[PDB]
Amino acid sequence: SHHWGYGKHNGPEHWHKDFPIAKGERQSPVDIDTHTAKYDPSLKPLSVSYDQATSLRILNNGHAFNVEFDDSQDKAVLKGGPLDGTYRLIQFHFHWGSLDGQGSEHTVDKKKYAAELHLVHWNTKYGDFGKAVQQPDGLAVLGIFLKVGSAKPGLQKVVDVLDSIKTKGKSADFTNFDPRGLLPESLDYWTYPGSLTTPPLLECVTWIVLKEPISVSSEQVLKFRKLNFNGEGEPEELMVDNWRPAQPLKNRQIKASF
Ligand SMILES: NS(=O)(=O)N1CCCCC1
Ligand SMILES: NS(=O)(=O)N1CCCCC1
Ligand SMILES: [Hg+2]
Ligand SMILES: [Zn+2]
């Protein structure tokens with residue numbers, strides 16, 4: 001069978017035929033118009049508590065790679081900001097381009113970054129991820145832009161395992177990785193209600209998008225671009241341009257923490 005992806009024949013313009021929510025009222029990503037976003041003094045301080053994070057594995061899922069965490073206890077959590085309660089880190093992944101001038105999902109005044117990091121968390125009041133994605137406040141995704149410049153030292157362990165997970169369905173052990181090494185200095189952010197940016201495109205996400213990008217080197221992003229969408233032994237389809245473009249804002253407001 002065919003499957004959704006990022007090519008001409010199965011990319012974002014096709015997703016609505018199997019995932020009609022693709023044309024919904026709270027789809028992600030969106031363009032962040034900085035002049036229209038409003039400071040919200042009701043936002044509480046944002047709390048990223050990752051000191052006890054336990055990474056387990058890295059997986060090439062045929063769309064991106066996921067760095068997976070042990071979420072059987074509150075070992076790595078996001079709280080505060082726009083969030084009510086506690087959200088547990090389950091995985092992170094990236095979206096990136098074929099060229100440095102595109103790759104992000106969110107845009108900032110229509111600016112595209114080279115890539116975007118998504119740290120995915122689920123609301124512990126719903127007990128598991130699968131139940132959380134049946135809820136309008138089930139997930140919180142912390143989004144971080146990547147620009148090309150100086151290397152991000154904390155990213156290099158991710159870059160160096162990618163050769164071992166080149167093709168779809170390959171995984172590798174990935175213990176003792178500290179995701180705090182992927183953050184910028186500032187936690188200043190924009191927030192809005194949205195969706196998963198991949199099928200099934202479920203409208204369950206509180207998005208928290210940091211204003212400050214991280215810098216990664218050209219060499220680091222070049223290694224992202226050597227991954228494959230295809231499986232082993234299949235003709236090579238480089239894993240590039242695995243981003244969804246901006247969707248209509250509709251009846252939403254983006255709030256700023258700053
Ligand atoms: N609607 S979809 O899931 O993106 N896909 C399009 C290509 C054929 C298989 C279904
Ligand atoms: N790209 S995303 O919206 O962060 N992600 C959340 C977890 C499920 C797959 C989609
Ligand atoms: Hg939902
Ligand atoms: Zn994502």
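Each residue takes its place number in the sequence, starting with 1. Just so it is clear, the values below take in all heavy atoms, side chains as well, and ignore hydrogens, waters and symmetry mates. Just follow the structure's listing: the first ligand is 1, and inside any ligand the first atom is 1.
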Chemist: Is the shortest distance from a heavy atom of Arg244 to ligand 2 less than 4.0 Å?
Modeler: no
Chemist: Within 45° of the six-membered ring axis of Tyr189 and under 6.0 Å from that ring's centre, is NZ or CZ of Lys211 located there?
Modeler: no
Chemist: Quick one: nearest non-hydrogen protein atom to atom 7 (C) of ligand 2, plus distance?
Modeler: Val120 CG1, 3.7 Å
Chemist: Could you identify the single nearest non-hydrogen protein atom to atom 1 (N) of ligand 1 and state the distance to 0.1 Å?
Modeler: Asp18 OD1, 2.7 Å
Chemist: Among all protein heavy atoms, pick the one closest to atom 4 (O) of ligand 1 and tell me residue, atom and distance.
Modeler: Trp15 CD1, 3.3 Å
Chemist: For atom 10 (C) of ligand 2, find the nearest protein heavy atom and state the residue, atom name and distance (0.1 Å precision).
Modeler: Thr198 OG1, 3.2 Å
Chemist: One residue to check: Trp207. Relative to ligand 2, which of side chain, backbone, both or neither has a non-hydrogen atom less than 4.0 Å away?
Modeler: side chain
Chemist: Does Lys226 pair with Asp163 as a salt bridge, N-O distance under 4.0 Å?
Modeler: no
Chemist: For ligand 1, which atoms, with element, lie under 4.0 Å from some heavy atom of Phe19?
Modeler: 3 (O)
Chemist: Can a donor-acceptor pair be found between the side chains of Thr197 and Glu105 at a distance below 3.5 Å?
Modeler: yes
Chemist: I'd like to know if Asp100 pairs up with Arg225 as an ion pair, taking the criterion as any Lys NZ or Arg NE/NH1/NH2 lying under 4.0 Å from an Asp or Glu carboxylate oxygen.
Modeler: yes
Chemist: What residue and heavy atom of the protein are closest to atom 6 (C) of ligand 1, and at what distance?
Modeler: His14 CB, 3.9 Å
Chemist: Using heavy-atom distances only, which candidate in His93, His63, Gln91 approaches atom 2 (S) of ligand 2 most closely?
Modeler: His93
Chemist: Does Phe94 reach ligand 2, in the sense of a heavy atom lying below 4.0 Å from it?
Modeler: no
Chemist: Among all the protein's non-hydrogen atoms, which is closest to atom 9 (C) of ligand 1, and how far away is it?
Modeler: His2 CB, 3.5 Å
Chemist: If you measure from each non-hydrogen atom of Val141 to ligand 2, which part falls under 4.0 Å: side chain, backbone, both or neither?
Modeler: side chain
Chemist: Which residue holds the protein heavy atom closest to atom 3 (O) of ligand 2, what is that atom called, and what is the gap in Å?
Modeler: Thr197 N, 3.0 Å
Chemist: At less than 4.0 angstrom from any non-hydrogen atom of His95, what atoms of ligand 2 do you find?
Modeler: 1 (N)
Chemist: Can you name the atoms of ligand 1, numbered from 1 with element, that are less than 4.0 Å from a heavy atom of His9?
Modeler: 7 (C)
Chemist: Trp96 versus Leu146: any side-chain heavy-atom pair under 4.5 Å?
Modeler: no
Chemist: Testing the 3.5 Å rule here: is there a donor-acceptor pair between the side chains of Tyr192 and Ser28?
Modeler: yes
Chemist: Can you find a heavy atom in the side chain of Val161 that is under 4.5 Å from one in the side chain of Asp173?
Modeler: no
Chemist: Is the gap between the ring centers of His9 and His14 under 6.0 Å?
Modeler: no
Chemist: Within the 4.5 Å heavy-atom criterion, are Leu202 and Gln134 side-chain neighbours or not?
Modeler: no
Chemist: Answer yes or no: is there a donor N or O on one side and an acceptor on the other, between the side chain of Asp70 and the main chain of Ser72, under 3.5 Å?
Modeler: yes
